[PDB]
Structures are given as structure tokens and as C-alpha cells.
Amino acid sequence: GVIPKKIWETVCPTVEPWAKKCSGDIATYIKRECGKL
Amino acid sequence: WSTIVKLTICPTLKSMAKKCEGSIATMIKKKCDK
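Top line first, the protein sequences correspond to chains A and B.
Whatever position you read off the first sequence (first residue = 1), add 787 for this note's numbering.
Mapping to this note's numbering: the second sequence position 31 is 11, numbers consecutive.
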């Protein structure tokens, strides 16, 4: 269910464009995962 | 995109897509699956 640190690092670039061009709780979450690394 | 990584992140990405800007939701789904 949960996503680990390793995966968050991997996804970083792919998720990036969508993340900033988005909002809500989930957008904020993913942002935190990649950023805080 | 991946076998493992795809399935892992994608569910989260869909939740994000619900309230994204412009029409980013489309892009999310395109890469991902359900």
C-alpha cells in the first residue's frame, strides 16, 4: 500500500511536471516525498 | 511505465489527478492504468 523512500526518489522527475501543475492534499504529499530527500 | 514502480505510484497519482491544474489529470491516467 505505502510507498518507500527508494520509490519516491525514482519517481521524482516523472511526477515533477504534474505535481506543480496540480493541487490538493495528494499533490502536497508527493511534493513533500521527493523534495524532502 | 514500469512493472513494479508503475503500479506503486499510479494509485496515488490518480488521487492527485482529481484536482489538478489545466488538464494534468489526463496525462496521469495516460501513463498509468486501472
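Backbone N, C-alpha and C fix where the C-beta goes; we use that ideal spot for every residue, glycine too.
Proximal chain A residues relative to residue i, where beta-carbon distance stays under 8 Å
i: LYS(-2)/B; result: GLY811 and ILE813
i: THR(-8)/B; result: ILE790, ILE813, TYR816 and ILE817
Within chain A, partners of residue i - CB distance below 7 Å
i: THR(-12)/B; result: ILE790 and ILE794
Bounding residues of the alpha helix (DSSP H) (the contiguous stretch that carries residue i)
i: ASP812/A; result: 811 to 822
i: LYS(-14)/B; result: -16 to -3
Between the CA atoms of residue j and residue i - distance to the nearest angstrom
i: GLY788/A; j: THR(-12)/B; result: 8 Å
i: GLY822/A; j: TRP805/A; result: 14 Å
i: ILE8/B; j: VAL798/A; result: 13 Å
Residues in the region 804 to 820 of chain A having any Cβ partner in chain B nearer than 7 Å
Per Cβ criterion, the list reads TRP805, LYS808, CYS809, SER810, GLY811, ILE813, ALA814 and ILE817.
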